[PDB]
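Asker: Residue numbers (my numbering), protein chains in the order written: chain C, 1 to 139; chain U, 1 to 139; chain X, 1 to 139; chain L, 1 to 139; chain S, 1 to 139; chain E, 1 to 139; chain Y, 1 to 100; chain B, 1 to 100; chain V, 1 to 100. Even for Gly, the Cβ is constructed at its ideal location relative to N, Cα and C.
(1) Do three or more CB pairs link the stretch 15-34 of chain V to the stretch 4-15 of chain Y at distances below 8 Å?
(2) Using CA coordinates, which residue listed in C/54, C/67 and C/132 is at the minimum distance from residue 78 of chain C?
(3) On the premise that residue 94 of chain L lies in contact with residue 75 of chain L, defined as a C-beta separation below 8 Å, what is that separation, rounded to the nearest angstrom?
(4) Under the three-state reduction of DSSP, which class applies to residue 45 of chain S: helix, strand or coil?
(5) For residue 34 of chain X, I'd like the list of residues in its chain whose CB is within less than 7 Å of its CB, leaving aside the five on either flank, ordered along the chain.
(6) To which residues of the same chain is residue 29 of chain X closer than 8 Å at the C-beta, ignoring the five residues directly before and after it?
(7) Give a yes or no on whether 8 Å exceeds the smallest Cβ distance from residue 130 of chain S to chain V.
(8) Around the Cβ of residue 44 of chain V, are there at least 16 other Cβ atoms within 10 angstroms (buried) or fewer (exposed)?
(9) Buried or exposed for residue 139 of chain U, please, with buried defined as at least 16 other CB atoms from any protein chain shown within 10 angstroms of its CB.
(10) From the beta carbon of residue 49 of chain V, is the nearest beta carbon of chain B less than 8 Å away?
(11) Answer with buried or exposed for residue 60 of chain X, where buried requires no fewer than 16 other C-beta atoms within 10 angstroms of its C-beta.
(12) Using 8 Å as the limit for Cβ to Cβ distance, is residue 43 of chain B near chain V?
(13) Looking at chain V, which residues of the stretch 15-29 of chain B have a Cβ within less than 8 Å of any of its Cβ atoms?
(14) Just to confirm, are residue 41 of chain Y and residue 70 of chain Y a CB contact at a threshold of 8 Å?
(15) Between residue 64 of chain S and chain E, is there a C-beta pair that is closer than 8 Å?
(16) Taking only beta-carbon atoms, is residue 4 of chain Y less than 8 Å away from chain V?
(17) Examine chain U for any beta-carbon lying closer than 8 Å to the beta-carbon of residue 24 of chain C, and answer yes or no.
(18) Would you say the beta carbon of residue 31 of chain B is closer than 7 Å to some non-hydrogen atom of the ligand NAD?
(19) Taking 8 Å as the CB-CB limit, is residue 101 of chain U close to chain B?
(20) Quick test of the definition: if touching needs 3 or more C-beta pairs under 8 Å, does the stretch 32-48 of chain C touch the stretch 64-71 of chain C?
(21) Please state the DSSP three-state secondary structure of residue 72 of chain S.
(22) Of all the residues that make up the stretch 104-130 of chain X, which are near chain Y by a beta-carbon distance shorter than 8 Å?
(23) I'd like to know if the stretch 115-129 of chain E and the stretch 80-90 of chain E are in contact, where contact means that at least 3 CB-CB pairs between them fall below 8 Å.
(24) Along chain Y, in chain order, which residues have C-beta atoms closer than 8 Å to that of residue 9 of chain V?
(25) Alpha carbon to alpha carbon, what distance is there between residue 4 of chain Y and residue 73 of chain V?
(26) Kindly indicate the opening and closing residues of the alpha helix (DSSP H) around residue 36 of chain V.
(27) Quick one: any contact between the stretch 32-39 of chain B and the stretch 61-70 of chain B, if contact means 3 or more CB pairs under 8 Å?
(28) In whole angstroms, give me the CA-to-CA distance for residue 128 of chain X and residue 12 of chain Y.
(29) Distance check for residue 97 of chain U and residue 49 of chain U, CA to CA, integer angstroms please.
(30) What does residue 93 of chain U reach in chain B if we use C-beta pairs closer than 7 Å?
(31) With distances taken Cα to Cα, identify the nearest neighbour of residue 80 of chain L among L/110, L/100 and L/40.
(32) To the nearest angstrom, how far is the alpha carbon of residue 69 of chain X from that of residue 124 of chain X?
(33) May I ask you to list, following chain order, the residues of the stretch 1-32 of chain S that have a beta carbon less than 7 Å from some beta carbon of chain V?
(34) Could you tell me the distance, in whole angstroms, from the CA atom of residue 62 of chain V to the CA atom of residue 100 of chain S?
(35) I want to see whether chain S comes within less than 8 Å of residue 51 of chain E, judged by CB atoms only; does it?
(36) Give the single residue among S/19, S/23 and S/73 whose Cα lies nearest to the Cα of residue 106 of chain S.
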């Protein structure tokens, strides 16, 4: 039944109006109608982080990443949320996964350099930063 | 049937694009399809408030709150409407309920100070302003 | 169908016509159609009373009272029958129930005083007679 | 349905293993499936007898005797229980009934003599003992 | 269907014929037909006990006891198995439960005295032994 | 259903009560209702063995072992019957298989030693006897 | 039935002097078990200690109807009538108590 | 309904100073009737006498939200905040009590 | 479950010496929930304070059977046995209490 999808549109619309707090609860009903929707989980994860509600946002992102693998951008966003949460090692792991999925992603390399520098792997952080610069000199 | 939500979506679009006066009617049709919807009423309140038809926005917010208690956002919006209607006692009550729902909400404290000062409870208004500052100086 | 009630009217007519001995049988048929009728038993009690078959009039009144508690006049009539049966203790009890159900009717106090005089409770009989005289002037 | 007898068989087996205390319960379930079974009652009586619940066994024996009269063995087995309980008059009655049902049972005469001697009918006890001796000189 | 009990009968016969090792399997099939039967578990416990397979007999007795909580004799057999397993504390607990279910069981008191003596509770063991002797000197 | 099993009980009874020759027929009736019963054949084996009709007892044991492998008891019994029949090689094979199914059994070692002594494998018979003496203290 | 639980709460409240709540408890009990003579008598007693003699009379009467041998209820009703100044009714019920 | 009988038990326990029972009784009552203002207020009062001032706050807040005119609840909430050392919230709620 | 409310009434009654009320309330509770060890123990305590040591024994036994580690129940059971003059059982259960 199309109702399973309509709630996703409702959440997106509410997100466009900056009424995010209602958008999350709109996505929740869609999930409770169909827990297998990768798009619902991903959008909910990206909404929750804007409410400064981080840990649930990381949870939603991670649940999305199980439902469909290999999406190099979901890993990057989970890396951002983990980095904000201070779980720097797991954030480095996430950005490394992003690198593995797409070796040409310069943003992933920049974030990996940032997280490795924060984490104290100075040599590897510098290497990642240099790779990011070399991959996208226009960045 | 999904139409009950389709109308909400139509009104959301007509409020996103600047045609509020049609959005109100769309929300009204949605309500008549399903009076128990806690989101239709809540959005209709804001739409009517933006049209400056405050006398109806206050009632819309109140019905929404009746349909879904403990909503720390609906109480604040109803407080704004009540202040603009000049019924500062009810506005103070609304903001008090808001701060008592979310004791960490700095904005609720600031608004309570505002309405208390205009209502002549100078000491309580000062205390609320201090509470707002302590909870978040940026709010 | 109305047959369960018709026999009550037949007995009432026969009693009204001064044909009691057939009225008793009519009431008995009515009872056998429906033993729960609080109105059959009471009229049968009065009919048997006036035929001077007191021994069963007392039982008919008691059955009626059991089937329809908390009414004064049935207790009054049962008290009268008990009084004429010589069971003055039970008669005093019945008139006492009548007073307890309605403390304002002089007739019950008067007859209780009569029984108590015959029962030898001179002081209580005097109290009952005074109460009867105070409750109504003509009795 | 054969279960009503299967339970009797289970009780017999358990008695044969010397687990009497479970056999009693098996017999009881058998009885509750078919209260008119005389064999269940009789075997339950003789099981409760050896659990030394004498007075509980006497009732089972009596019910069995009620369910099939003239059972010359059941009467003697009830007489033994009654004799152990010391209700010697009823025991004498039971052994006398045993004599009446089968005048040639030497054991009945012997135990009737024993019970009469305990009961103080010395002459009758001696007569019963002599009868038992004459019936079965090989006893 | 009666088969569920016919298997119990088969196990009892095999145990009675001194072929226990097949009786255990017969009881197991009976249990798999109906796990709630108290007799099946209780008898399987003793069959396994006689085969010296104590490790399983203890659990069989426990499974039985969970289905007849206040059985005054299942506890005693479980106590014997536990004592032979060397879990003297749990054996003392079992015999204490046995005494508390039937304060007049002299055998339970004597066995509790034995277990306490082996366990080093010399004073309590002597108390239990004296109590058992007072309840019955031959037990 | 259950009739297929009842005959096994009938044979067990007629063997428990000493009427083997009817028990064999009862077992045969059971088999002709279900050839696959591993318990009917095994018992028929020992029943025929006790009647000293060994030529059939060995066959019944072998069919049972075919229907239900790995049970050392059946192998040992078949070895006993083969020992009686004088097929010492097959008896030694049976006892060897019994040891290999359960290397901790002293009885199998003792039987193998006896059979190998009779068969002329003096050294192996002595080894088996020593193993039997080492496996259990009373055999 | 839980009517007995409510009655027990009422009795405990009364014995400990919490008449104000004893009334409510006895009411919860009675409205589910109207034939309970003891409950009616105790409710009347609770109102008596409270000083609400009209209600006490009204409930004492209902108690006596259900239990005409209740000498204690008769004495209490007589005292209540005396508190209401109906010395005639009070004397009647006190004499009834002496008779019972 | 039990929502009243259990509340009565809670009130009786609290009046007699047996707070350990009062808390549990009020909870059993509230499980059926969450809109009961006085029940929340008394539960917070029991926790206050017990000295669990923050939990007393947590329940006084719901007492006030369901009954915004409850001046006594505001007073006790302010006192609980003061016990928690939040002089600012305490003073605000005390002033609220005086205003109401 | 109303068993909880009845038990709470029993506990409140017992803490205030209303042993009749305690017994009746605990009994109302237990017939709804027979596996409640502490209810049996408290009922035994009530009968003990009444001096009805036979009933106290009969209920302390069930308390121990459902909770074999209950040292307090063992102590009170031994005390009840001593009150019954059974020095042997009393000593046995007191030693059990010390062991537990």
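Answerer: Let's see:
(1) yes
(2) C/54
(3) A Cβ-Cβ distance of about 5 Å is found for the pair residue 75 of chain L and residue 94 of chain L, placing them in contact under the 8 Å criterion.
(4) helix
(5) Answer for residue 34 of chain X: 4, listed in chain order.
(6) 7
(7) yes
(8) Residue 44 of chain V comes out buried.
(9) Taking all protein chains shown into account, residue 139 of chain U has fewer than 16 neighbouring C-beta atoms within 10 Å of its C-beta and is therefore exposed.
(10) no
(11) buried
(12) no
(13) Considering only beta carbons, the part of the stretch 15-29 of chain B lying closer than 8 Å to chain V consists of 16, 18, 21, 24, 25 and 28, in chain order.
(14) yes
(15) no
(16) yes
(17) Cβ-Cβ to chain U under 8 Å: no for residue 24 of chain C.
(18) No copy of the ligand NAD appears in this structure; indeed no ligand is present at all.
(19) yes
(20) yes
(21) coil
(22) Residues 121, 123, 124, 127, 128 and 130.
(23) yes
(24) 5, 8, 9 and 12
(25) 28 Å
(26) Premise fails: residue 36 of chain V is in no alpha helix (DSSP H) and is neither H nor E.
(27) Three or more pairs of CB atoms, one per stretch, sit closer than 8 Å, so the stretch 32-39 of chain B contacts the stretch 61-70 of chain B.
(28) 38 Å
(29) Their Cα atoms are separated by approximately 21 Å.
(30) 68
(31) A check of alpha carbon separations from residue 80 of chain L across L/110, L/100 and L/40 identifies L/110 as the nearest.
(32) Spanning the two alpha carbons is a distance of roughly 26 Å.
(33) none
(34) If you take the alpha carbons of residue 62 of chain V and residue 100 of chain S, they lie about 8 Å apart.
(35) With 8 Å as the cut-off, residue 51 of chain E does not count as an interface residue toward chain S.
(36) S/73
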